[PDB]
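# got an experimental structure here, sequence first:
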Amino acid sequence: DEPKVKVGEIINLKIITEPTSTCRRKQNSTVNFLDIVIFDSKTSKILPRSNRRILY
Amino acid sequence: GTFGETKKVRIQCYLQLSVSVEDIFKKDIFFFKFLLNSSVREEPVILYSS
């Protein structure tokens, strides 16, 4: 929500997940893991300790 | 003479959580970065609030 953020706004990100019609496939794993990764707009691969950057 | 003696309990001394501090300097505002993990690498920890 509201993509103009100045500096100091701790702002929640919202993720809505829905498994597809291939929910019938595996079913012996009941958990899967969701890495949220962070890219710069110009450059790539911000390291996950992420100082002077997004803190989470 | 209610003697409840010799309850030979063994107690452990190992603080299970471990906190690392990092002080990010900034102009007129300040940031704390906090790395939290277990003591030893086979006993995992649940956390509730900080």
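Everything's here; your move. Numbering: from 1, shown residues only, chains lettered A, B, ... in the order given.
# what's the neighbour count on residue A:12?
By other Cβ atoms under 10 Å in any protein chain shown, the residues close to residue A:12 number 5. Every C-beta, even on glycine, is put in place using the N, C-alpha and C of the backbone.
# list the contacts for it?
By Cβ atoms under 8 Å, 6 or more residues apart in numbering or on different chains, residue A:12 lies in contact with residue A:1.
# would you list the phi and psi of it?
Residue A:12 adopts backbone torsions of phi -70, psi 140, taken as degrees, to the nearest 10.
# now do it against residue A:39, distance only.
Counting by Cβ to Cβ, to the nearest Å, the separation of residue A:12 from residue A:39 is 19 Å.
# do the same with residue B:14
Distance check for residue B:14 against residue A:39: by Cβ to Cβ, it reads 40 Å.
# and residue 23, what is it in contact with?
Assuming you mean chain A. Residues counted as contacts of residue A:23 (Cβ under 8 Å, 6+ apart): none.
# actually chain B
Contact analysis of residue B:23 by Cβ under 8 Å, 6+ apart lists B:30-33.
# now, among those residues, which is nearest to residue A:17?
residue B:33 (28.4 Å; Cβ to Cβ).
# so that closest one, which of the three states?
strand (DSSP: H, G, I helix; E, B strand; the rest coil).
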